[PDB]
Amino acid sequence: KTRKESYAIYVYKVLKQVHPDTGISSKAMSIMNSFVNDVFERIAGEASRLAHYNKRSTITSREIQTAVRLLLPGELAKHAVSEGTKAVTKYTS
Amino acid sequence: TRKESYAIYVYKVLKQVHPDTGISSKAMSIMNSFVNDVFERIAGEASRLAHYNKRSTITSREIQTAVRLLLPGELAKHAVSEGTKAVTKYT
Amino acid sequence: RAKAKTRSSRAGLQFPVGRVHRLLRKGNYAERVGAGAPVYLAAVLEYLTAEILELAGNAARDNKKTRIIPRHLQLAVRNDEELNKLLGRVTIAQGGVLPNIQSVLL
Amino acid sequence: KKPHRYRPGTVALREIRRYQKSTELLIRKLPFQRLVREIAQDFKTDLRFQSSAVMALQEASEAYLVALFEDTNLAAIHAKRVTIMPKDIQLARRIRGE
Amino acid sequence: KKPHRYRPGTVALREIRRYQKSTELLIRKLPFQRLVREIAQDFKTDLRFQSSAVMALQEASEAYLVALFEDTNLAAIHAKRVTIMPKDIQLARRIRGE
Amino acid sequence: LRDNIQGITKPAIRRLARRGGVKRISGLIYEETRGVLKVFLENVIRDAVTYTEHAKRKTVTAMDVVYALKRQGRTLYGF
Amino acid sequence: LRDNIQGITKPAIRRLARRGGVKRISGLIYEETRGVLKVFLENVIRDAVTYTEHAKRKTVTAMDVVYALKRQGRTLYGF
DNA sequence: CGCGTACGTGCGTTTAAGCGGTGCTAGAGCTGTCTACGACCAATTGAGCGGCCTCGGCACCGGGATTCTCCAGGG
DNA sequence: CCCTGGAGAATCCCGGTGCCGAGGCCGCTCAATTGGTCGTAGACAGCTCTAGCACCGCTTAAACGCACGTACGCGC
C-alpha cells in the first residue's frame, strides 16, 4: 500500500549497535519515532528561526549547531556538538 | 536603511476608537512587539496547519483555524466575525 | 554513473541523511538547506536515540527484562537529569511517573 | 478471634507502590469515552472519535492529572499536612498558569 | 516624647501599593549590569553588552522574580502563614517545572 | 448524553492519586478534579475540533489529538 | 569580576517582594532569591551567548535577548 | 495556648548609583568582489516496507516461599 | 509505656503453556543516489562612525548595621 515515513528500523539499528542482546516492542518503537520527530521539528524550527533572525536564506551546519545548544542544556549539549562535528568532518573527508 | 514597523498603523486604529488620547514611544514599541509576536504565532500555526493536512497553500481558513486555536473564549469568535466581514468586503 | 553509496555510511552514521535533508526542504523551514545541515541533524538525533536506548536497556536489565517496554523509556528519561529537563513538558504514554516516596510519607 | 484491622495509610502507601510501578491505565475506557462525546457534543454535533483517538486522549489526561496530583501532594507536606485539600489543587493551577 | 512607632506590617502594605502602581525599576542598574558580565564571562571572555541589552535582561528578570514572589506569597496563606520561606520558592519552581 | 462527569469514579480518582504519591485524599477532592478534568478536556477537544474541521473531516483522529496537545506544551509520545 | 552576586542588595530583594504582594520577608530568602536569579540569568544569557556567536557578533544586542527569552516562553515586549 | 527569636520599624553612618563629561578603540553596517553551493534537470538504483513465515518473552496459572508487618506477652 | 516472639495476608521468585506480537525474509518500487549547470547567498577585504568601555566629582538617595518589641513561626 502507501508507504509512511517512520524511523522504526533506524532506532532498531541504533539499539542493536550498543545493545545487541535486547529487543523492543512496537509501542516503544512508536514512542521513539514520536521522540525523533518532535526533536526534529524543534531543531529545524529553531534553525529556520535562526536563518530568518540573521536575514539568511540557507540553513548550514552552524544553524544546527546553534539550535542544539539552545534546546539541549549543558552536559548533554557538548556530546551532540562533538558527534555533530565529527560527522561533518567525516562527511567532508 | 529602512526598518519595517507598525507604529503608524496602531496610531490610525487608536484615533478610530479613541481620538482623545495619544501614545508614547515605549508604548508604541510594546504594541509593535505585540503585533509581531502574534504575527509569528498565527502564521506559525497556519504554516503548521498546512503541513498537517499536506496543504501547499495557506488560505483564509488557515488563519481562521489558527485564531480559534490561539485566542480563547469569545475573543476568537469576535475576530472570526471581524475576519469574515473583511473577506466579504473584499469581494 | 558511480556506485550509489549512501550518505549515512560516508559520515559513519546509521540515520538516513537523505531523508533528513528531504523533510528540511519540504517542511517549510528555509529557501535552501546546506550540505552539512542533514549530517549535523542526523548525528544529534542518533546521540539522543542512543543515549535514551542505553539507559532504557539499563532500566530493562534492572527488573530482568529483555523486551523494551514503554515504562523503560519513561524510566530512562526521568532518571537522567538532562533528559528530565529536555522532556519536562513531554507526556509519555504507558509510562506513568517515577516510583518515589516522600521521606515524611513513611 | 480478631480481625486484621489495617491502620489507614499503610495500605495507601502500599497502593502507591503498586500503582507507581504499574503500567496499565487506572480509569476505565468506557466511562472516559462517554465523557469525551458529551463534552464534544456541546461544541459540534454528529462528531465521532476513533478508538486510538480516545486512547491518546485518555493517556494524556491521566498523566496531566497525575502530575497535578504530585504537585498537590508536595504542597500538602509543605503546609505541614498529610491529606490533600481542594484548595491545594486551586493553588497548583494558579502557580502553573492554568 | 514618643515616636509614632508604626506597627510591624503597616509599612509593608504601604510599599505594596506604591510599587504595584509605579513602574520604576527596583533593582539598581549597575549592580545588575556587572552581574551579567561575570555570568557571561564563563561562556565568553571577550564579550560586550549593549545599554539596551542589559536593559532588556533586567526587566525580564524583575518580572520573573515578582511573578515567582507572587507564587511564593500565596503558598504561605496556603500553609497558614504570612512569611515567605525558601521552601516556598522551591515549591514554586518544582510546580512550574523550572 | 447527560451526567457524564460522574463517569470518573471516586476510586478512579483515588487510583490516580496513588500514582501521584498522595497519602490521603479528601472527600471534596473528587468533585474538584472532575471540574479540573472537564476544563482540561474542554480545551484539548475544542482544539482538536478545530483541527478536525480544518481537514474537512467528521471524525477526530489521534493525529489531531497530538497536535492539540502539542501547541499547549503538553506533547504526547506514542499517539 | 568577583563578588557580584551580592549586587542584588537586601532592600532590592525586599522591593521585588513588595511588588509581588509579599507582606513579610524572611532573612533566609535573600540567599535563595540570589540563587534563583543566578540560575535564571545563567540560562537566558547563555542562550543569548549562542545567538551572539551565530550572528558573527562579539557584542550581545537586545534583539538576541528577546529571541533567547522567546524560546523559553518568556517573551518580552518593548525590547 | 504558650515560647521565643527574628524579622518589622526606626534611623546613624558609610557607600556606591547615577548624571554629566572626557577619550578611544571594539566592532556592526555598508559597499564591492569573487566564489563555491544547492534547486533543478536527466539518469539511474537499492533497501525500506507491506506482508508472510517463524519464533520466543513474558502474561497467565498456580506453587511455593521468604519477608517485612501487626498483635499479644513480658519487663 | 517500650521491647520482642509468633502468625495473617499482600507480595516476590519460580515451574509449565503458548501465543500473539516481534524478528527475519521476498521483492520491488518509490524515494534515495550520481553527474552537470547555473543564479545566487555567502565569505572576504577596506571605511567608517556611532555606541560602549574605563575613569573622574559629587551628591544623594540607596544600602549595611544596631536597638527595641509585638505580629507571627513554631512547639504542644
# chains A, B, ... in the order shown; residues from 1 in each chain; ligands from 1
$ residues_around --residues "region 49-55 of chain F" --least-positions-apart "5" --cutoff "12 Å" --atoms "only C-alpha atoms (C1' of nucleotides)" --output "ChimeraX atom specification"
/B:45-46,48-55,58-70,76 /D:36-37,39-49,53 /F:41-44,60-69,71
$ write_last_selection --atoms "C-alpha atoms" --output "mmCIF file, in the first residue's frame"
data_model
loop_
_atom_site.group_PDB
_atom_site.id
_atom_site.type_symbol
_atom_site.label_atom_id
_atom_site.label_comp_id
_atom_site.auth_asym_id
_atom_site.auth_seq_id
_atom_site.Cartn_x
_atom_site.Cartn_y
_atom_site.Cartn_z
ATOM 1 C CA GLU B 45 0.276 27.843 13.495
ATOM 2 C CA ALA B 46 -1.074 28.325 9.958
ATOM 3 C CA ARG B 48 1.948 24.031 10.808
ATOM 4 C CA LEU B 49 -1.732 23.679 9.844
ATOM 5 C CA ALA B 50 -0.839 23.395 6.151
ATOM 6 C CA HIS B 51 1.813 20.758 6.894
ATOM 7 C CA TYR B 52 -0.645 18.604 8.871
ATOM 8 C CA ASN B 53 -3.166 18.143 6.035
ATOM 9 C CA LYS B 54 -0.403 18.076 3.356
ATOM 10 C CA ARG B 55 -1.521 21.516 2.145
ATOM 11 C CA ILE B 58 -2.393 28.968 3.220
ATOM 12 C CA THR B 59 -5.932 30.316 2.807
ATOM 13 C CA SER B 60 -8.275 32.370 4.983
ATOM 14 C CA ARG B 61 -9.364 29.123 6.662
ATOM 15 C CA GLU B 62 -5.761 28.589 7.796
ATOM 16 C CA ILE B 63 -5.817 31.962 9.564
ATOM 17 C CA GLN B 64 -9.356 31.303 10.831
ATOM 18 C CA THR B 65 -8.441 27.958 12.413
ATOM 19 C CA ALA B 66 -5.261 29.410 13.938
ATOM 20 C CA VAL B 67 -7.265 32.225 15.561
ATOM 21 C CA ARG B 68 -9.615 29.826 17.362
ATOM 22 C CA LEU B 69 -6.613 27.673 18.315
ATOM 23 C CA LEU B 70 -4.778 30.629 19.893
ATOM 24 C CA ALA B 76 -11.838 34.099 18.912
ATOM 25 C CA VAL D 36 -15.475 12.895 25.686
ATOM 26 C CA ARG D 37 -18.573 12.637 23.472
ATOM 27 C CA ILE D 39 -18.187 17.432 26.059
ATOM 28 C CA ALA D 40 -17.720 17.424 22.275
ATOM 29 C CA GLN D 41 -21.487 17.442 21.658
ATOM 30 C CA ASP D 42 -21.680 20.921 23.219
ATOM 31 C CA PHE D 43 -19.211 22.187 20.581
ATOM 32 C CA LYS D 44 -20.151 20.214 17.448
ATOM 33 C CA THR D 45 -22.875 17.613 16.979
ATOM 34 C CA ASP D 46 -22.546 14.357 14.994
ATOM 35 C CA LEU D 47 -18.871 14.022 15.940
ATOM 36 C CA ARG D 48 -17.090 10.665 16.192
ATOM 37 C CA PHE D 49 -13.790 9.728 17.837
ATOM 38 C CA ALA D 53 -8.125 8.917 19.358
ATOM 39 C CA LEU F 41 -10.944 18.273 28.304
ATOM 40 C CA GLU F 42 -12.897 21.345 27.151
ATOM 41 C CA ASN F 43 -9.654 22.841 25.766
ATOM 42 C CA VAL F 44 -7.951 19.863 24.095
ATOM 43 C CA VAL F 60 -11.436 13.338 15.177
ATOM 44 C CA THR F 61 -8.220 11.408 14.551
ATOM 45 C CA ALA F 62 -5.442 10.637 17.016
ATOM 46 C CA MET F 63 -3.148 12.835 14.904
ATOM 47 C CA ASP F 64 -5.308 15.879 15.687
ATOM 48 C CA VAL F 65 -5.273 14.997 19.401
ATOM 49 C CA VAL F 66 -1.458 15.033 19.408
ATOM 50 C CA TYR F 67 -1.294 18.405 17.632
ATOM 51 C CA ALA F 68 -3.886 19.868 20.017
ATOM 52 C CA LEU F 69 -1.739 18.796 22.975
ATOM 53 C CA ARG F 71 0.560 23.527 20.810
#
$ residues_around --residues "residue 42 (chain H)" --least-positions-apart "4" --cutoff "12 Å" --atoms "only C-alpha atoms (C1' of nucleotides)" --output "PyMOL selection string"
chain I and resi 34-36
$ residues_around --residues "region 33-37 of chain G" --least-positions-apart "5" --cutoff "10 Å" --atoms "only C-alpha atoms (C1' of nucleotides)" --output "JSON, numbers by chain"
{"E": [61, 62, 64, 65, 68, 69, 86, 89, 90, 93, 98], "G": [5, 6, 7, 8, 9, 13, 28, 42]}
$ closest_atom_pairs --of "chain D" --to "chain E" --cutoff "12 Å" --atoms "only C-alpha atoms" --output "tab-separated table"
residue	atom	partner	partner_atom	distance
D:67	CA	E:95	CA	9.0
D:68	CA	E:95	CA	8.5
D:69	CA	E:95	CA	10.7
D:70	CA	E:95	CA	8.9
D:71	CA	E:95	CA	5.8
D:72	CA	E:95	CA	9.0
D:73	CA	E:95	CA	10.8
D:74	CA	E:91	CA	7.6
D:75	CA	E:91	CA	7.1
D:76	CA	E:79	CA	8.2
D:77	CA	E:79	CA	9.3
D:78	CA	E:79	CA	7.0
D:79	CA	E:79	CA	4.1
D:80	CA	E:79	CA	7.4
D:81	CA	E:79	CA	8.7
D:84	CA	E:78	CA	11.5
D:85	CA	E:78	CA	10.1
D:86	CA	E:78	CA	11.0
D:87	CA	E:78	CA	7.7
D:88	CA	E:78	CA	7.3
D:89	CA	E:78	CA	10.6
D:90	CA	E:78	CA	10.0
D:91	CA	E:75	CA	7.5
D:92	CA	E:95	CA	7.1
D:93	CA	E:95	CA	9.3
D:94	CA	E:71	CA	8.0
D:95	CA	E:71	CA	5.7
D:96	CA	E:96	CA	5.2
D:97	CA	E:96	CA	8.2
D:98	CA	E:96	CA	10.5
$ write_last_selection --atoms "C-alpha atoms" --output "mmCIF file, in the first residue's frame"
data_model
loop_
_atom_site.group_PDB
_atom_site.id
_atom_site.type_symbol
_atom_site.label_atom_id
_atom_site.label_comp_id
_atom_site.auth_asym_id
_atom_site.auth_seq_id
_atom_site.Cartn_x
_atom_site.Cartn_y
_atom_site.Cartn_z
ATOM 1 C CA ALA D 67 1.367 15.475 37.550
ATOM 2 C CA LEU D 68 -1.221 17.744 39.167
ATOM 3 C CA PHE D 69 -1.619 15.149 41.933
ATOM 4 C CA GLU D 70 2.136 15.053 42.596
ATOM 5 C CA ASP D 71 2.199 18.856 42.854
ATOM 6 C CA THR D 72 -0.851 18.663 45.128
ATOM 7 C CA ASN D 73 0.975 16.121 47.308
ATOM 8 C CA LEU D 74 4.151 18.159 47.834
ATOM 9 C CA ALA D 75 2.031 21.248 48.506
ATOM 10 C CA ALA D 76 0.380 19.404 51.408
ATOM 11 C CA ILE D 77 3.657 18.417 53.086
ATOM 12 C CA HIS D 78 4.844 21.994 52.530
ATOM 13 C CA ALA D 79 1.843 23.127 54.607
ATOM 14 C CA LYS D 80 2.683 20.556 57.348
ATOM 15 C CA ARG D 81 -0.283 18.473 56.192
ATOM 16 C CA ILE D 84 -4.669 16.899 50.226
ATOM 17 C CA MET D 85 -7.342 19.602 50.057
ATOM 18 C CA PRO D 86 -9.367 21.161 47.213
ATOM 19 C CA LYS D 87 -7.652 24.488 47.942
ATOM 20 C CA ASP D 88 -4.323 22.771 47.222
ATOM 21 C CA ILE D 89 -5.482 21.968 43.678
ATOM 22 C CA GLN D 90 -6.557 25.590 43.134
ATOM 23 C CA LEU D 91 -3.104 26.644 44.337
ATOM 24 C CA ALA D 92 -1.417 24.290 41.853
ATOM 25 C CA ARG D 93 -3.417 25.578 38.870
ATOM 26 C CA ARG D 94 -2.606 29.235 39.594
ATOM 27 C CA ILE D 95 1.138 28.632 40.013
ATOM 28 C CA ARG D 96 1.257 26.509 36.843
ATOM 29 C CA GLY D 97 -0.557 29.270 34.938
ATOM 30 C CA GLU D 98 -3.505 27.046 34.010
#
$ closest_atom_pairs --of "chain E" --to "chain I" --cutoff "9 Å" --atoms "only C-alpha atoms (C1' of nucleotides)" --output "Markdown table"
| residue | atom | partner | partner_atom | distance |
| --- | --- | --- | --- | --- |
| E:7 | CA | I:70 | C1' | 8.1 |
| E:8 | CA | I:71 | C1' | 6.6 |
| E:9 | CA | I:71 | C1' | 7.9 |
| E:28 | CA | I:62 | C1' | 8.9 |
| E:48 | CA | I:52 | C1' | 8.0 |
| E:49 | CA | I:52 | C1' | 8.0 |
| E:50 | CA | I:52 | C1' | 6.9 |
| E:51 | CA | I:52 | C1' | 7.7 |
| E:81 | CA | I:73 | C1' | 8.1 |
| E:82 | CA | I:72 | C1' | 7.9 |
| E:83 | CA | I:72 | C1' | 8.4 |
$ atom_distance --atom1 "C1' of residue 61 (chain I)" --atom2 "CA of residue 1 (chain E)"
28.6 Å
$ interface_residues --of "chain C" --to "chain F" --cutoff "6 Å" --atoms "only C-alpha atoms" --output "mmCIF file with N, CA, C and O atoms, in the first residue's frame"
data_model
loop_
_atom_site.group_PDB
_atom_site.id
_atom_site.type_symbol
_atom_site.label_atom_id
_atom_site.label_comp_id
_atom_site.auth_asym_id
_atom_site.auth_seq_id
_atom_site.Cartn_x
_atom_site.Cartn_y
_atom_site.Cartn_z
ATOM 1 N N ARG C 89 8.175 19.026 29.744
ATOM 2 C CA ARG C 89 6.805 19.256 29.303
ATOM 3 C C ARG C 89 6.362 18.232 28.264
ATOM 4 O O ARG C 89 5.561 18.549 27.377
ATOM 5 N N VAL C 90 6.872 17.006 28.357
ATOM 6 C CA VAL C 90 6.599 15.947 27.393
ATOM 7 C C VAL C 90 5.878 14.819 28.119
ATOM 8 O O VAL C 90 6.327 14.370 29.181
ATOM 9 N N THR C 91 4.754 14.381 27.558
ATOM 10 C CA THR C 91 3.952 13.305 28.123
ATOM 11 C C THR C 91 4.228 12.015 27.362
ATOM 12 O O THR C 91 4.130 11.983 26.131
ATOM 13 N N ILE C 92 4.578 10.958 28.091
ATOM 14 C CA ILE C 92 4.875 9.654 27.509
ATOM 15 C C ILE C 92 3.741 8.706 27.873
ATOM 16 O O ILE C 92 3.442 8.507 29.057
#
$ calpha_fit_and_write --fixed "chain F" --moving "chain G" --output "tab-separated table (two decimals) with N, CA and C atoms, in the first residue's frame"
chain	number	residue	atom	x	y	z
G	1	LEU	N	-26.57	12.93	25.57
G	1	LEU	CA	-25.75	12.37	26.64
G	1	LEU	C	-25.72	13.29	27.85
G	2	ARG	N	-26.21	12.79	28.99
G	2	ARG	CA	-26.26	13.56	30.22
G	2	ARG	C	-25.72	12.71	31.37
G	3	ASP	N	-25.26	13.41	32.41
G	3	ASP	CA	-24.66	12.81	33.61
G	3	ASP	C	-23.47	11.92	33.25
G	4	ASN	N	-22.47	12.54	32.63
G	4	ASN	CA	-21.25	11.86	32.25
G	4	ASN	C	-20.02	12.36	32.99
G	5	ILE	N	-20.12	13.45	33.74
G	5	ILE	CA	-19.00	13.91	34.56
G	5	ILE	C	-18.77	13.00	35.75
G	6	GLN	N	-19.76	12.17	36.10
G	6	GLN	CA	-19.62	11.20	37.18
G	6	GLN	C	-18.99	9.89	36.71
G	7	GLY	N	-18.62	9.79	35.43
G	7	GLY	CA	-17.94	8.60	34.95
G	7	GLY	C	-16.57	8.40	35.57
G	8	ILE	N	-15.92	9.50	35.96
G	8	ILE	CA	-14.67	9.41	36.70
G	8	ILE	C	-15.01	9.12	38.15
G	9	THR	N	-15.04	7.84	38.50
G	9	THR	CA	-15.58	7.40	39.77
G	9	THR	C	-14.64	7.75	40.93
G	10	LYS	N	-15.14	7.53	42.14
G	10	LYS	CA	-14.36	7.80	43.35
G	10	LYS	C	-13.08	6.96	43.44
G	11	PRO	N	-13.08	5.64	43.21
G	11	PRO	CA	-11.78	4.94	43.20
G	11	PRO	C	-10.90	5.30	42.01
G	12	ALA	N	-11.49	5.75	40.90
G	12	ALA	CA	-10.69	6.16	39.75
G	12	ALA	C	-9.87	7.40	40.05
G	13	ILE	N	-10.46	8.37	40.75
G	13	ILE	CA	-9.71	9.55	41.18
G	13	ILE	C	-8.69	9.16	42.25
G	14	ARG	N	-9.07	8.24	43.14
G	14	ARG	CA	-8.15	7.77	44.17
G	14	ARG	C	-6.95	7.05	43.58
G	15	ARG	N	-7.17	6.26	42.52
G	15	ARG	CA	-6.07	5.58	41.85
G	15	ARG	C	-5.11	6.57	41.20
G	16	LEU	N	-5.65	7.66	40.64
G	16	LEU	CA	-4.80	8.70	40.06
G	16	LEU	C	-3.96	9.38	41.13
G	17	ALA	N	-4.54	9.58	42.32
G	17	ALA	CA	-3.79	10.18	43.42
G	17	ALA	C	-2.71	9.24	43.93
G	18	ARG	N	-2.97	7.93	43.94
G	18	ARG	CA	-1.96	6.97	44.36
G	18	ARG	C	-0.79	6.92	43.39
G	19	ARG	N	-1.04	7.12	42.09
G	19	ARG	CA	0.05	7.21	41.13
G	19	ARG	C	0.88	8.47	41.35
G	20	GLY	N	0.25	9.55	41.79
G	20	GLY	CA	0.94	10.79	42.07
G	20	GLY	C	1.60	10.88	43.43
G	21	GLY	N	1.54	9.81	44.22
G	21	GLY	CA	2.16	9.79	45.53
G	21	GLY	C	1.34	10.40	46.64
G	22	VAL	N	0.04	10.62	46.43
G	22	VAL	CA	-0.81	11.19	47.47
G	22	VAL	C	-1.13	10.12	48.50
G	23	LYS	N	-0.91	10.43	49.77
G	23	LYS	CA	-1.16	9.49	50.85
G	23	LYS	C	-2.62	9.51	51.30
G	24	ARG	N	-3.15	10.69	51.60
G	24	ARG	CA	-4.52	10.84	52.07
G	24	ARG	C	-5.33	11.65	51.06
G	25	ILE	N	-6.50	11.14	50.71
G	25	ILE	CA	-7.35	11.73	49.68
G	25	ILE	C	-8.63	12.23	50.34
G	26	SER	N	-8.91	13.52	50.18
G	26	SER	CA	-10.08	14.12	50.80
G	26	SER	C	-11.35	13.77	50.04
G	27	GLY	N	-12.48	13.89	50.74
G	27	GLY	CA	-13.77	13.66	50.11
G	27	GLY	C	-14.25	14.78	49.22
G	28	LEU	N	-13.69	15.98	49.38
G	28	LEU	CA	-14.05	17.13	48.56
G	28	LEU	C	-13.15	17.29	47.34
G	29	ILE	N	-12.13	16.43	47.19
G	29	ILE	CA	-11.25	16.54	46.03
G	29	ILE	C	-11.85	15.88	44.79
G	30	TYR	N	-12.87	15.04	44.95
G	30	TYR	CA	-13.45	14.36	43.80
G	30	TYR	C	-14.25	15.32	42.93
G	31	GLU	N	-14.97	16.26	43.55
G	31	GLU	CA	-15.65	17.29	42.78
G	31	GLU	C	-14.66	18.28	42.17
G	32	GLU	N	-13.56	18.57	42.87
G	32	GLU	CA	-12.57	19.50	42.35
G	32	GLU	C	-11.79	18.89	41.19
G	33	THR	N	-11.42	17.61	41.30
G	33	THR	CA	-10.70	16.95	40.21
G	33	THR	C	-11.57	16.78	38.97
G	34	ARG	N	-12.87	16.55	39.16
G	34	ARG	CA	-13.79	16.46	38.03
G	34	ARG	C	-13.88	17.79	37.29
G	35	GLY	N	-13.92	18.90	38.03
G	35	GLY	CA	-13.97	20.21	37.39
G	35	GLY	C	-12.69	20.55	36.65
G	36	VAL	N	-11.54	20.18	37.23
G	36	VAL	CA	-10.26	20.42	36.56
G	36	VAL	C	-10.14	19.55	35.31
G	37	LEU	N	-10.54	18.29	35.41
G	37	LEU	CA	-10.50	17.39	34.25
G	37	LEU	C	-11.46	17.85	33.16
G	38	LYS	N	-12.64	18.34	33.55
G	38	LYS	CA	-13.59	18.87	32.57
G	38	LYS	C	-13.04	20.13	31.90
G	39	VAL	N	-12.37	20.98	32.68
G	39	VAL	CA	-11.77	22.19	32.12
G	39	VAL	C	-10.63	21.83	31.17
G	40	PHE	N	-9.79	20.88	31.56
G	40	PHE	CA	-8.69	20.45	30.71
G	40	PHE	C	-9.20	19.76	29.44
G	41	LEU	N	-10.26	18.96	29.56
G	41	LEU	CA	-10.82	18.30	28.39
G	41	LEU	C	-11.54	19.28	27.47
G	42	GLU	N	-12.11	20.35	28.03
G	42	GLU	CA	-12.80	21.34	27.22
G	42	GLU	C	-11.86	22.19	26.38
G	43	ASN	N	-10.55	22.13	26.62
G	43	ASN	CA	-9.57	22.85	25.83
G	43	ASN	C	-8.88	21.98	24.79
G	44	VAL	N	-8.51	20.75	25.16
G	44	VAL	CA	-7.82	19.86	24.23
G	44	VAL	C	-8.77	19.38	23.13
G	45	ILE	N	-9.99	18.99	23.51
G	45	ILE	CA	-10.95	18.48	22.53
G	45	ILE	C	-11.42	19.59	21.60
G	46	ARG	N	-11.68	20.78	22.16
G	46	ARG	CA	-12.10	21.92	21.34
G	46	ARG	C	-11.00	22.32	20.36
G	47	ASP	N	-9.74	22.28	20.80
G	47	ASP	CA	-8.63	22.50	19.88
G	47	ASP	C	-8.56	21.40	18.82
G	48	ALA	N	-8.84	20.16	19.23
G	48	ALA	CA	-8.89	19.06	18.26
G	48	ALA	C	-10.12	19.15	17.37
G	49	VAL	N	-11.19	19.79	17.85
G	49	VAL	CA	-12.37	20.00	17.02
G	49	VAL	C	-12.05	20.94	15.86
G	50	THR	N	-11.33	22.03	16.15
G	50	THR	CA	-10.94	22.96	15.09
G	50	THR	C	-9.96	22.33	14.11
G	51	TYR	N	-9.10	21.43	14.59
G	51	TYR	CA	-8.22	20.68	13.69
G	51	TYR	C	-9.03	19.75	12.80
G	52	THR	N	-10.11	19.18	13.33
G	52	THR	CA	-10.93	18.25	12.55
G	52	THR	C	-11.71	18.97	11.45
G	53	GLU	N	-12.24	20.15	11.75
G	53	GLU	CA	-13.02	20.89	10.75
G	53	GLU	C	-12.13	21.41	9.63
G	54	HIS	N	-10.90	21.81	9.96
G	54	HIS	CA	-9.98	22.31	8.94
G	54	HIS	C	-9.48	21.22	8.01
G	55	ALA	N	-9.47	19.97	8.46
G	55	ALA	CA	-8.99	18.85	7.67
G	55	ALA	C	-10.07	18.23	6.79
G	56	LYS	N	-11.25	18.87	6.72
G	56	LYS	CA	-12.40	18.38	5.95
G	56	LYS	C	-12.80	16.97	6.38
G	57	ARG	N	-12.78	16.73	7.69
G	57	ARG	CA	-13.11	15.43	8.26
G	57	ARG	C	-14.20	15.60	9.31
G	58	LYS	N	-15.08	14.61	9.39
G	58	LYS	CA	-16.16	14.61	10.37
G	58	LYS	C	-15.87	13.70	11.55
G	59	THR	N	-14.71	13.04	11.58
G	59	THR	CA	-14.31	12.19	12.68
G	59	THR	C	-12.97	12.67	13.22
G	60	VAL	N	-12.84	12.71	14.55
G	60	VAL	CA	-11.62	13.17	15.18
G	60	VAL	C	-10.63	12.02	15.22
G	61	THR	N	-9.46	12.22	14.63
G	61	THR	CA	-8.40	11.22	14.63
G	61	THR	C	-7.43	11.48	15.78
G	62	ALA	N	-6.61	10.47	16.07
G	62	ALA	CA	-5.59	10.61	17.11
G	62	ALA	C	-4.47	11.57	16.70
G	63	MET	N	-4.29	11.79	15.40
G	63	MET	CA	-3.24	12.71	14.94
G	63	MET	C	-3.57	14.15	15.31
G	64	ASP	N	-4.85	14.53	15.25
G	64	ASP	CA	-5.24	15.88	15.61
G	64	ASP	C	-5.16	16.11	17.12
G	65	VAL	N	-5.33	15.05	17.91
G	65	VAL	CA	-5.19	15.17	19.36
G	65	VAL	C	-3.75	15.49	19.73
G	66	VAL	N	-2.79	14.87	19.03
G	66	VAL	CA	-1.38	15.16	19.27
G	66	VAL	C	-1.06	16.60	18.91
G	67	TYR	N	-1.59	17.09	17.79
G	67	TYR	CA	-1.39	18.48	17.39
G	67	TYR	C	-2.03	19.44	18.39
G	68	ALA	N	-3.22	19.09	18.90
G	68	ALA	CA	-3.88	19.93	19.89
G	68	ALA	C	-3.09	19.99	21.19
G	69	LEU	N	-2.51	18.86	21.60
G	69	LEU	CA	-1.71	18.84	22.83
G	69	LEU	C	-0.34	19.46	22.63
G	70	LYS	N	0.17	19.48	21.40
G	70	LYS	CA	1.52	19.99	21.15
G	70	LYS	C	1.58	21.50	21.31
G	71	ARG	N	0.56	22.22	20.84
G	71	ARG	CA	0.58	23.68	20.88
G	71	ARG	C	0.41	24.23	22.29
G	72	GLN	N	-0.03	23.41	23.24
G	72	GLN	CA	-0.16	23.82	24.63
G	72	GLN	C	0.99	23.33	25.50
G	73	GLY	N	2.07	22.84	24.88
G	73	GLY	CA	3.21	22.33	25.63
G	73	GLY	C	2.92	21.06	26.41
G	74	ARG	N	2.11	20.17	25.85
G	74	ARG	CA	1.78	18.90	26.49
G	74	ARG	C	1.84	17.78	25.45
G	75	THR	N	2.92	17.75	24.67
G	75	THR	CA	3.05	16.81	23.57
G	75	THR	C	3.09	15.37	24.08
G	76	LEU	N	2.36	14.49	23.40
G	76	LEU	CA	2.19	13.11	23.81
G	76	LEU	C	2.96	12.20	22.86
G	77	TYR	N	3.77	11.31	23.43
G	77	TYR	CA	4.50	10.32	22.65
G	77	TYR	C	3.71	9.02	22.59
G	78	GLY	N	3.83	8.31	21.47
G	78	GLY	CA	3.09	7.09	21.25
G	78	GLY	C	1.71	7.27	20.67
G	79	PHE	N	1.29	8.51	20.44
G	79	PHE	CA	0.00	8.85	19.83
G	79	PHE	C	-1.19	8.26	20.58
$ select_by_dssp --residues "chain A" --states "strand (DSSP E)" --output "list in words"
residues 23, 24, 58 and 59 of chain A
$ decode --residues "region 64-70 of chain C" --atoms "N, CA and C atoms" --output "JSON list (two decimals), in the first residue's frame"
[["chain", "number", "residue", "atom", "x", "y", "z"],
["C", 64, "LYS", "N", 15.07, -7.26, 35.17],
["C", 64, "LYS", "CA", 15.27, -8.51, 34.43],
["C", 64, "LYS", "C", 14.27, -8.64, 33.28],
["C", 65, "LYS", "N", 14.36, -7.71, 32.33],
["C", 65, "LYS", "CA", 13.53, -7.71, 31.14],
["C", 65, "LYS", "C", 14.39, -7.54, 29.90],
["C", 66, "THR", "N", 14.08, -8.31, 28.86],
["C", 66, "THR", "CA", 14.79, -8.22, 27.59],
["C", 66, "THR", "C", 14.08, -7.28, 26.62],
["C", 67, "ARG", "N", 12.77, -7.46, 26.45],
["C", 67, "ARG", "CA", 11.98, -6.58, 25.60],
["C", 67, "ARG", "C", 11.89, -5.19, 26.21],
["C", 68, "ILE", "N", 12.04, -4.16, 25.38],
["C", 68, "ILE", "CA", 11.91, -2.78, 25.84],
["C", 68, "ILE", "C", 10.43, -2.43, 25.92],
["C", 69, "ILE", "N", 9.99, -2.01, 27.10],
["C", 69, "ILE", "CA", 8.60, -1.67, 27.36],
["C", 69, "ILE", "C", 8.55, -0.15, 27.50],
["C", 70, "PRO", "N", 7.45, 0.52, 27.14],
["C", 70, "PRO", "CA", 7.39, 1.99, 27.28],
["C", 70, "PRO", "C", 7.61, 2.51, 28.69]]
